[PDB]
Amino acid sequence: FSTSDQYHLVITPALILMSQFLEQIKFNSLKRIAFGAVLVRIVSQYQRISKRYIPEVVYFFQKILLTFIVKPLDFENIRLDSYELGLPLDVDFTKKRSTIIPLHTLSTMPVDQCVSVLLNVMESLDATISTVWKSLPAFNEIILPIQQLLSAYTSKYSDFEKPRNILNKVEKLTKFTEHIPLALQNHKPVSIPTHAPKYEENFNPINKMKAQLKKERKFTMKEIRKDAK
Amino acid sequence: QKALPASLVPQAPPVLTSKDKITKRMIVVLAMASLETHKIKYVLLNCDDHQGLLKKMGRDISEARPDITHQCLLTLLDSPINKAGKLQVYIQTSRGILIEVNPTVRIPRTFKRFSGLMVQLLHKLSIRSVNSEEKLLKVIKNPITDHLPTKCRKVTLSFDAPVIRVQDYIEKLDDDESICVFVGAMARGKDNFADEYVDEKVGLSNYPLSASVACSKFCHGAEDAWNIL
Amino acid sequence: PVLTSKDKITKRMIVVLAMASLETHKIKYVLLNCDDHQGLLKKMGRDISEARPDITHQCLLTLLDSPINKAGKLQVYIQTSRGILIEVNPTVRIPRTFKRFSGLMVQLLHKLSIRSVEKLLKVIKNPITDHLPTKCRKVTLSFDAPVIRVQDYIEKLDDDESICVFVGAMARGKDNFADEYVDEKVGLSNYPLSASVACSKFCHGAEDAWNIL
Amino acid sequence: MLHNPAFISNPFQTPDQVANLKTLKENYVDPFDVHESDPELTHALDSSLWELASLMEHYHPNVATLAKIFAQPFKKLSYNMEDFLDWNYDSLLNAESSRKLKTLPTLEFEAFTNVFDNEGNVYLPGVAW
Amino acid sequence: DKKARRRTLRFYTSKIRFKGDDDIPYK
Amino acid sequence: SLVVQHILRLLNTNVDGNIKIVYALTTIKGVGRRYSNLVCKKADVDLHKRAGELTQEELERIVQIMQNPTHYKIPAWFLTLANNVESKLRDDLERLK
Amino acid sequence: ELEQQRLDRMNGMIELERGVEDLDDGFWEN
RNA sequence: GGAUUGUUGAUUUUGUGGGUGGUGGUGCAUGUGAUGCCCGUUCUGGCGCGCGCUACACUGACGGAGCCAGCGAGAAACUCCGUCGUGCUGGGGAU
């Protein structure tokens, strides 16, 4: 089916049903988070062209990133559902670890699995920043909470490179984008009112029946008088 | 720092009226319109359609062209100055009939239906809208000067007169004042039909200009002057 | 000099009356009109809304009578709706009345030629692009497009080049008739403009830009 | 806040006016403070609603249409709030099914060799069977 | 509460141009 | 800082909030000055108010007063031939000749 | 042809050629 | 062992796919041209010349109150207090 449509029979209920999962599901288990991670990928490609904004993708990203750093006491506006999924400090974050999540592993489910789910979620974040949020006028507002989260990632894990590249990438986008006051109610001036004329195509300088009676009755009345005269 | 207007919703600029004299404006007097009716049904006399009858009237067929008057109103009314509510058209028929053209009217594009309106207008003395809310074409009492704004500049289009820039002319004129252009829809004739009322005559180009071309050229520069766009 | 499609070097104004509805119908062939021939067009199956060669006449009338034409710096092309291209000689003096305007187009479309004793109106082979100047800028009139000052537009353009305007003679229709040839779309005014008004406004700007006067 | 008229560019504005406009664009900073708790000191009135502009790119069509109202003239005097309060994910899905107008299903001309990635053309890169 | 104010706003709700070369309607 | 008190739609009719209640309701078809006065008196809406200043319950009471006028004891007062002629006259004309 | 149709559908051209704005008639009301 | 015809005999009927503009014109080149260019049948009906009066409201409309004449033998306009309000409106009263 054509994903790049404003309205579709199957995509729109699927996307609405699907956006519900990115927000409603607790995502309090590695299986649950990995399910959400793949859910992100499909919605990302559903908008591979339409490039529309899905607020749940912002919400899902914020909690999962914070879920793996559990709290640092600096993000009290983010609702966490599990505090026991914090990644350990001993994690290397330099080995080459597969970011592809098999769906068959979902049934099976530790640190390596937790880290891999983080990357696949993390890699999707760069694509969303690079494509979708970059165009949006509120990019700085949308990326501001995410930027703070990744600063914790770099500070906690210096060796971990993925947040730094995206933090550098995020910095590049903000520099070029000109954050100017929005201007939308500039309207094209409306013309003077407009009416067509009313008339008769062939102009005369029961209604017809009445006139015929009047015209000739006078003729009748006149001619009787002269005859009687 | 300036407070914004309460309502940014577009409002059509007021339909200017002869009773209103204060507003700065642009009056165009299509002097010497060849508009005459006659029963065959009353039909607007034309140079081509009715040659024999107008000979029977004794008037020259050369100057029996309501097409020129029709063309001037089309470009004048369809001009984007009219859409800005800053222009009216007066028509001084060669017979001596002065017609006020409401800026809101829509003369039909086809000349045949235009002729239907003129025999229609000349006989009832008026034209009403399809919705019956405003009088669009109304004949008005001579002299033309009374209907003009109290403070107004009068000029005629003269081939022999010095060539001027319409944009520079209107810029140097005052603001509260208005400008009157007496355009000769007359096909060929001496340019004195508005000498009594007008104070000076100006040329628009070195080359001869049709009435439709000259008035259109005048108004386009006017919008460059007042930035009507 | 009377400008011709052969000469490509000279800076010239090409105003293109695209999608012109000048159609000949025989019951004898006569130019179709929205009002004169309503039942006949219904039998032909075409909508009478887009059956107005009237709109095309005034555009030619204002273009040909503009001062720029008198200065020998403007040419007009007419792309008929069915796909017939017509070049309008600048020297032609088309009739002021529409009835005589219609009588010429039936002669032109059938004879493919109107000669005087150069050819005043000539049907020519499509596409328009080959006839246009080699170095030439192409634009149309789009109401939705940003509004631009014509005088500022022509001034910022180069000198050896030329500018083409594809003006849509339709009563109503989508502004995609000349999308294939053109490189950009420009609006002339915030308010909608008639084909006659818009080109008359446009040609006035060209006269001021070059000081044709 | 929705629109600052000082930042509109006019075709008639003189070159000096153009230059002054660019300097104003460069030096602007959003003054709204998110951490201030007193609503009379947040400096929100000097800010603008860029966030509402993003919502007009919302994935849901009708939601995008509602956000587009800010780009349209404010002819409507008020909106009946009770018609917008109790909406849920279930209600939206039910409303989608109970649609007044029914449309034809469309298909994608683009072809993907594999729906999931391996462990030519892959639909879902990064996810594997 | 919704039903109460649903009654309120019924009385607040209020139920319910040529351009270019467009000609006047024929007849 | 918290103190809680232009148009309105009544009977599917737009009445300007600017006008007095009684004469704002007069615009309603079938509603006269005296009838609107009586309705305002029955609703216990003191007549001086503008249509805009009326609260919800007052508008509800006005609607109930009108929609059930007998229920609130409102007084009962408030709630071819031409061708034939032409043919006959033509016969008269012919007979006269 | 298909690419132009896809661009049209992305912009709100819905094929029964109506518009998305029409789908928003009474949706919020009920 | 009768798909189908009007008795008939595989000529059709049904379902799915599916090429065709062609008893088509108009000119061009000694009829011809992979020519250029475009794109029916039978009936049934078919006034002119003139008067007088009322309106286009705020000097007005509506609700109360106050009141003043003279002709002639088979009252109003008006004044006082109120409502309304520049909206073809509470003017207009045809259908």
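Chain F uses Swiss-Prot numbers throughout; the residues present, in order, are 2-6, 13-86, 100-117.
Keep in mind that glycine also has a Cβ here, set from the backbone N, Cα and C atoms.
Around F:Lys36 (ubiquitin cross-link), the C-beta neighbours below 8 angstroms that are at least 6 residues distant in the chain are F:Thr20. Annotation source Swiss-Prot lists ubiquitin cross-link at F:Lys36 (among others), citing a large-scale study or a structure entry.
Look at Swiss-Prot and you will find F:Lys49 (among others) tagged as ubiquitin cross-link. Here F:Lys49 (ubiquitin cross-link) comes close to F:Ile72, F:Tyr79, F:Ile81: these same-chain residues lie at least six apart in sequence, with C-beta atoms under 8 angstroms from its C-beta.
Summarising the annotation, Swiss-Prot assigns ubiquitin cross-link to F:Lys80 (among others) and lists a large-scale study or a structure entry as the type of evidence. In this structure, F:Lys80 (ubiquitin cross-link) belongs to neither helix nor strand by DSSP; it is coil.
Swiss-Prot lists F:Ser2 with the feature N-acetylserine. Under a cutoff of 8 A between CB atoms, and with a sequence separation of 6+ in the same chain, F:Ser2 (N-acetylserine) has no neighbours. Annotation note: F:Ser2 (N-acetylserine) sits in a coil segment as assigned by DSSP.
According to Swiss-Prot, the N6-methyllysine annotation covers F:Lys48. Classification of F:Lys48 (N6-methyllysine) by DSSP places it within a helix.
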Which has the fewest other CB atoms in a 10 Å radius around its CB: F:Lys48, F:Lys80, the listed recorded positions?
F:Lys80
F:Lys80 (ubiquitin cross-link) and F:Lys48 (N6-methyllysine), Cα-Cα, nearest whole angstrom:
13
